[PDB]
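# Geometric and topological summary
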Amino acid sequence: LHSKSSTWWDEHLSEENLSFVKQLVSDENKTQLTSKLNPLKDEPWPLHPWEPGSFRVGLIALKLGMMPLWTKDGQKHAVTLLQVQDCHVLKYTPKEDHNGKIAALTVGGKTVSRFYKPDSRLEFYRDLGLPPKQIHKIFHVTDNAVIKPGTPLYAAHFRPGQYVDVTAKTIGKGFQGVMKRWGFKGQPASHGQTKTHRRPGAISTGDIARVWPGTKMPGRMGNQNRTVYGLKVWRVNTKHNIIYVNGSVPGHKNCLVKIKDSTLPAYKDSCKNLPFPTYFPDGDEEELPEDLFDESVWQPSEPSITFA
Amino acid sequence: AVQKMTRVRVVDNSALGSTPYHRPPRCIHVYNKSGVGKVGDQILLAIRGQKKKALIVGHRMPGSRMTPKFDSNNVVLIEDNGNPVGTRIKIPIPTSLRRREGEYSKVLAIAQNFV
Amino acid sequence: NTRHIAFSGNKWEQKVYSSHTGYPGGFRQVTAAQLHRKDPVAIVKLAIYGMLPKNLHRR
Amino acid sequence: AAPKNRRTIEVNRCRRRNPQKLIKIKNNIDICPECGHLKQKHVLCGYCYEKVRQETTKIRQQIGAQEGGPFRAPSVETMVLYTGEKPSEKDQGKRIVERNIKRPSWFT
Amino acid sequence: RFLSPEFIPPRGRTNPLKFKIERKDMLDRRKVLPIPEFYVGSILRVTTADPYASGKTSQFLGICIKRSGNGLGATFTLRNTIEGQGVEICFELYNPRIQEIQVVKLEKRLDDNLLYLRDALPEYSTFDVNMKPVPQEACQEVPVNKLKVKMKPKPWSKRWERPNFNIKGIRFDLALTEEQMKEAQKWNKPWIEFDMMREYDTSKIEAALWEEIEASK
Amino acid sequence: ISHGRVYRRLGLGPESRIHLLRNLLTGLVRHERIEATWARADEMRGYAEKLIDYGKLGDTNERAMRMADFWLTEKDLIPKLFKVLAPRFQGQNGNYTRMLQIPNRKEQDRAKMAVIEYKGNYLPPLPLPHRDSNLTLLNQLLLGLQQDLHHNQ
RNA sequence: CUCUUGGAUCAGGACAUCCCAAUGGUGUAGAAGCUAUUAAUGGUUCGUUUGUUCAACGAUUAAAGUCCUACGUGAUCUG
Ligand SMILES: [Mg+2]
Ligand SMILES: [Mg+2]
Ligand SMILES: [Mg+2]
Ligand SMILES: [Mg+2]
Ligand SMILES: [Mg+2]
Ligand SMILES: [Mg+2]
Ligand SMILES: [Mg+2]
Ligand SMILES: [Mg+2]
Ligand SMILES: [Mg+2]
Ligand SMILES: [Mg+2]
Ligand SMILES: [Mg+2]
Ligand SMILES: [Mg+2]
Ligand SMILES: [Zn+2]
């Protein structure tokens, strides 16, 4: 027929080429990843010193799970594990273009396959010489803290003792009733109720002859962006790029999250102590310990705690 | 988790609690913002056609790890001034009572066993 | 120079502008001086809008 | 609750001719190389599959005649032979099914 | 070869990496403090530091009735009666304020949960506080105590006779008529044991963990 | 919410679901090729694979015999499983069955259909789809690329 | 001479303010109180009838406010 037909990458590949193409793509990823391992020797942009009111870039991580943790007083804390996985800087906007007062940087993470993607995205990544990433987000950065695109980022960008903010899509629960969605009381089970147990009562007063906009009613719940504020960092694992954060983080396991230092009033200018532009291991001034801890944390392999 | 109309056991040597009666004591009020009463909470008790203050020392509901869970809901009678009605306690009492915000020294003095 | 307009009398402190978001509790009333601070063009634009004919060609 | 007014033919035309309610066109239709009849890319050809099932019924009809009753499943492998073919050494001690017609070209 | 329960991973969609990370910390504590082998039904004495007081320890002796948890959060609950008052405490193995764990008497019981002892006669839960450790033999298999306890009047904390619990350590004949037993069997669900997609085979996972744990030693 | 539920709801209840799958599994063993509706065959595919694992354990295993007895209603087929099907799949570690979608049933309910079978049977071969040969235009260019990279380091 | 209201559910709004907040006077020593000005921010409990002509009682609370919305609300339920 002289009409449209649809295709996919595997349609015309023969038995031999099927495996060969799989191998060829895998090698291409590795070559492009190694090339970016050396930012400082790749014409880095000028590095300005820290000043009050400065803001620093953040990272994209994957949610691994939870485990317990103890402090030197014996108090027990549940903690969640976030793993940084192939995080790069992608694109830079000047202050005027972004339309905000401050400038912006876009970060991507979690390398993905190239086969089922639109051409537009593939062209964008080819320019930057990197394999595609699952998710992009935007961070507000000052001029002194700007970083050249294409520079890898690592978990050591954060250090124990600092509070942080995390935001992600919450678990999706589908179309739900008023009792579950908004915590409505409902009606009695017995004493003559007729087919009214979990339903809402009166929508509104009769006088207005309408329903106010924003009225609480049944609908789809979950699957929305939410942010958690003021979560402490307890420990960092340099070898596997793992961060440990107090408490709970939105979303299911294996879900990508956005991490940036806290914007709460108390922790206004704690960035001075931390690496100001970012952390560069390419510099190799000193090799970091495999595990970084906070002073209150009771490390394993220490002697048993006695409350003397 | 003691509530209004809960039946409680008087673990004390006081005559009022010791003497057998056809009805077991029942809680009438919980002195909390919530209605739920846990270890270290005062309550109002109805005994033998009379009302008396009392203190919870154990219950059957699970708590946090490393703390003792009892088989019965145990209470101690307290006078209006706060002095214990009885003079002895024999059943083990938790050691968490020492540090919880409140006045527990008087009851701790009379209790022999701490678990 | 819409920022440099002038009001006769005590209109700066007596003229109130009203709007409603549409949600319960969404009624906001603001004086002329306050609105001029937030937006330097709103006062002149609102005057012209009222004097045009009330039909589709106005927009 | 009952309708308070009749709905007009103009309003009704807008509900039932909306693009949401129309039949979608298909892009996955292809021609079968062996038979030349049409098929979907992700589905087996119907004409070609029809050939195989007809032969399968014939073989099973023969298998029923030999057994002669229920609960007669052999404990040894099975094989099918067509006129002009004789068992090989590897075929020794395996149930043999006999077909009058010659070996089909597609069957291997 | 006794592989402790917490090391076996639960099935799900979690990455294996999260388990490797947790295991490393678990092994490190074991070098500092040794965790003995034990099963539900064995009597244990556990020593822990008391936080409220200053540098004063505590000891509790009881029979282990349940083992739960995975990884660094593993727990075990042990029971005893003091002055005729029943008490249970739930302990976490890896809590840093546990000084020592002593297996007074190692033995195994017919069932892997003994929560029904709450409804049994008081004698079956009482144990001597000062009882001394009994001998053990390396070239042996763990003993299986086959006692069947007697119950108090019928109103209980749960309906232990029902087939879901699968209790094999209660003398039901004494406490229930044969009519009631048939009444219970109406909840049997016989098909569950025969469907092959509800079974989780962990033999390979058990084997792989064994060498890695031994190799690290 | 149905997060993490690995079973379909079929029949009149949980017990009825097992019985329907047992009947389909018994038919597959006897005939070795079967037609059902796509959803039902897909649910039964898992059990068919695990049955070949118990057969491998051997005739003398007590657990294997009990499982086979329950899942095969006709008892002339237990010898077949332990002595015909199980020997056949000794080498492989899995993938004992092949399943494909079939054109929709022409019976006024228009159900989605499938055919499921055990590999290695004696029946006429199914008309499976074949990938393109290496002689086609696109394949040759990729083959040329492979040779250059291989030869040049 | 006579003769529609309760409850459940969800609440929209007024200020003539019960609690929380900023103040003036005092026959304000401190602590308690009495009175007046400004402000609508969120909140404003649980059980029970022997006697009481639209009442009362027990235990609490920082407080257990007064009112309008065809009994606000029965094509949502009920006495
Ligand atoms: Mg906590
Ligand atoms: Mg969901
Ligand atoms: Mg309810
Ligand atoms: Mg009903
Ligand atoms: Mg209106
Ligand atoms: Mg219209
Ligand atoms: Mg659980
Ligand atoms: Mg109960
Ligand atoms: Mg599902
Ligand atoms: Mg309201
Ligand atoms: Mg006023
Ligand atoms: Mg109405
Ligand atoms: Zn065909």
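## Focus: the overall build of chain E
Summing up its helical and strand segments, chain E has four helices and seven strands in all. Beginning at the N terminus, the succession of helices and strands in chain E can be written as α-β-β-β-β-β-β-β-α-α-α. Projected onto the principal axes, the alpha-carbon positions of chain E cover approximately 55 × 50 × 40 Å. Counting the 217 residues in chain E, one finds 44% classified as buried. Partitioning the intrachain contacts of chain E with sequence separation of at least 6 by distance along the chain shows that 64% fall at a separation of at least 24.

## Notes on the packing of aromatic side chains
In this description, a pair of aromatic rings is defined by centroid distance and the angle of the planes. Tallied over the full model, the rule gives 16 aromatic pairs over all chains. Arranged with centres 6.1 Å apart and planes meeting at 55°, the rings of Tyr82(D) and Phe107(D) form a pair that is tilted. Of the two residues, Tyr82(D) is situated in strand β3 (residues 78-82) and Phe107(D) in the segment after β4 (95-99); the sequence distance between them amounts to 25 residues. The two residues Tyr82(D) and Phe107(D) agree in class, both being buried. Taken together, a centroid distance of 5.3 Å and an interplanar angle of 65° make the contact between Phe2(E) and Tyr39(E) edge-to-face. Taken together, the residues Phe2(E) in the segment before α1 (16-32) and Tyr39(E) in the loop between α1 and β1 (43-49) connect sequence positions 37 residues apart. Residue classification places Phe2(E) among the partly exposed positions, given a relative accessible area of 25%. Taken together, the aromatic side chains of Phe194(E), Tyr47(F), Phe70(F) and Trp71(F) make up a single cluster linked through ring pairs. In this structure, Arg22(F) is placed above the aromatic ring of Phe70(F), and the distance from its NZ or CZ to the ring centre is 4.7 Å. Geometry around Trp38(F) places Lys112(F) over its ring, the cationic atom sitting 3.8 Å from the centre.

## Looking at the side chain of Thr97(F)
All names here are of chain F. Assignment of secondary structure puts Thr97 in strand β2 (residues 97-102). A residue is classified by how much of its surface remains accessible, and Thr97, at 4% relative accessible area, is buried. Polar contacts involving the side chain of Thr97 include one to the side chain of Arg45, which spans 3.3 Å. Of the polar contacts made by the side chain of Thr97, one reaches the side chain of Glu49; its length is 2.3 Å. Not counting chain neighbours up to four residues away, the residues in contact with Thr97 comprise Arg45, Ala48, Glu49, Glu117, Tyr118 and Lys119.

## Some words on a positive patch on the surface
Judged by side-chain charge, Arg7(D), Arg13(D), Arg15(D), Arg16(D), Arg17(D) and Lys21(D) come together as a positively charged surface patch. Checked against the element boundaries, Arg15(D) lands in helix α1 (residues 9-16).

## A look at the protein's contact with RNA strand G
Of all residues adjacent to RNA strand G, which total 24 residues, the nearest are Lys185(A), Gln193(A), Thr194(A), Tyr31(B) and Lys33(B). Atoms of RNA strand G within 4 Å of the protein belong to the sugar or the phosphate in 82% of instances, the rest to bases. Between RNA strand G and the protein, one listed contact pairs a base oxygen with a backbone N or O atom of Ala202(A) at 3.4 Å. For RNA strand G, a phosphate oxygen lies 2.9 Å from a polar atom in the side chain of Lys33(B).

## What about the packing of helix α2 (residues 38-57) of chain F against helix α3 (residues 62-71) of chain F?
All names here are of chain F. Interhelical geometry of α2 versus α3 gives an angle of 140° and a closest axis separation of 9 Å. With respect to α3, the axis of α2 lies oblique. Viewed along their axes, α2 and α3 form a crossing whose handedness is left-handed. Note on element contacts: α3 touches α2 through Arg63, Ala64, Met67 and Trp71, opposite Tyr47, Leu51, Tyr54 and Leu57.

## Observations concerning the interface of chain D and chain F
Tallying the contact residues gives 24 residues for chain D and 20 residues for chain F. When chain D packs against chain F, close to 2,100 Å² is buried across both sides, 65% of that on carbon and sulfur atoms. The largest contributions to the chain D side of the interface with chain F come from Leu44(D), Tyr49(D) and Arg60(D), which together make up 29% of the buried area. Applying the counting criterion to the chain D and chain F interface returns two salt bridges. Two residues, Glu35(F) and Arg53(D), come together in a salt bridge whose shortest N-O distance is 3.2 Å. Counting across the chain D and chain F interface gives six residue pairs in polar contact. For the side of chain D that touches chain F, the secondary-structure elements that each account for two or more residues are α2 (46-67) and β3 of chain D. Here the element with the most residues in the side of chain D that touches chain F is α2(D); it accounts for ten residues.

## Side note on helix α5 (residues 137-151) of chain F
In this model, α5(F) (15 residues) spans 22 Å end to end at C-alpha, consistent with the 21 Å of a helix rising 1.5 Å per residue. Within two residues after α5(F), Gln153(F) carries a phi angle of roughly 55°, on the positive side.

## Examining the pairing of β4(D)
Residues and elements named next belong to chain D. The side-chain alternation of β4 yields one buried face, formed by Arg95, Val97 and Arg99, and one unburied face, formed by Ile96 and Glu98. Where β3 lies against β4, five bridges are found, and the strand directions are parallel. In the strand pairing of β4, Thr78 is matched with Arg95.

## Description of the pattern of salt bridges
All names here are of chain E. Counted by the stated rule, this structure contains 40 salt bridges over all chains. Residues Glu22 and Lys18 are paired through a salt bridge, measuring 3.3 Å at the closest nitrogen-oxygen approach. With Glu22 and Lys18 both in helix α1 and four residues apart, the pair spans about one turn of that helix. Judged by its relative accessible area of 6%, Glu22 falls in the buried class.

## Quick notes on the nonpolar core
Residue and element names in this part refer to chain E. Ranked by size, the top nonpolar core spans 52 residues in total, and within it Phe76, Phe91, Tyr116, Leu117 and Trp160 carry the most contacts. Looking at this core, the elements with two or more residues in it are β1, β2 (57-68), β3 (75-82), β4 (85-92), β5 (98-105) and α4 (203-216). The element contributing the most residues to this core is β2, with five residues.

## With respect to the interface of chain A and chain E
Contacts between the two partners involve 24 residues from chain A, matched on the other side by 27 residues from chain E. In total, about 2,200 Å² of surface goes out of reach between chain A and chain E, with carbon and sulfur atoms giving 62% of it. Seen at the junction of chain A and chain E, the total is three salt bridges. A salt bridge links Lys24(E) to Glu290(A); the shortest N-O distance between them is 2.9 Å. Inspection of the chain A/chain E interface yields eight residue pairs in polar contact. Looking at the side of chain A that touches chain E, the elements with two or more residues in it are β1 (59-70) and β2 (76-84) of chain A. Looking at the side of chain A that touches chain E element by element, the count peaks at six residues for β1(A). Class assignment for the residues of the side of chain A that touches chain E results in twelve nonpolar, seven polar and five charged.

## Brief notes about a nonpolar patch on the surface
A contiguous nonpolar patch, built from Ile203(A), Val211(A) and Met217(A) and spanning about 240 Å² of accessible area, is present on the exposed surface. Examined against the element boundaries, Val211(A) turns out to sit in the loop between α4 (178-182) and β9 (219-221).

## Regarding the environment of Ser304(A)
You can see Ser304(A) is positioned in the segment after β13 (291-293). Separated by twelve residues in sequence, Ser304(A) and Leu292(A) place their C-alpha atoms 20 Å apart. In this structure the side chain of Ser304(A) is engaged in a polar contact, spanning 2.7 Å, whose partner is the backbone oxygen of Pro96(E). Of note is the side chain of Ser304(A), whose polar atom sits 2.8 Å from the side chain of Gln99(E).

Conventions we followed
Residues numbered from 1 in each chain as written, not as in the entry; some residues may be left out. Chains lettered and ligands numbered in written order. Part of a larger assembly, values for the part shown. Heavy atoms only, no water. Helix = DSSP H or I, 4+ residues; strand = E, 2+ residues; numbered from the N terminus. Buried < 20%, exposed > 50% of the residue type's maximum accessible area, 1.4 Å probe, protein only. Contact = heavy atoms within 4.5 Å. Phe/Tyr/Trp six-rings, centres within 6.5 Å; stacked < 30°, edge-to-face > 60°. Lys NZ or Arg CZ within 6 Å of the ring centre and 35° of its normal. Polar contact = N/O pair within 3.5 Å; in protein donor to acceptor, adjacent residues only side chain to side chain. Patch = residues over 30% accessible without salt bridge, like charges linked within 9 Å, V, L, I, M, F, W, Y side chains within 5 Å. Areas by Shrake-Rupley, 256 points an atom, 1.4 Å probe, with all protein chains shown as cover. Salt bridge = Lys/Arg side-chain N within 4 Å of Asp/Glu carboxyl O. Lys, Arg positive; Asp, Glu negative; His and termini not counted. Charge placed at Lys NZ, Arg CZ, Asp CG, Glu CD. Near = heavy atom within 4 Å. Axes fitted to C-alpha atoms, helices over the stretch in contact; angles between N-to-C directions. Parallel < 35°, antiparallel > 145°, perpendicular 65-115°, else oblique. Left-handed = near helix turned anticlockwise from the far one by under 90°. Buried area = accessible area lost by both parts, 1.4 Å probe. Expected span 1.5 Å × (residues − 1). Pairing = 2+ DSSP bridges. Core = buried A, V, L, I, M, F, W, Y, C linked by side-chain atoms within 4.5 Å. Nonpolar A, V, L, I, M, F, W, Y, C, P; charged D, E, K, R; others polar.

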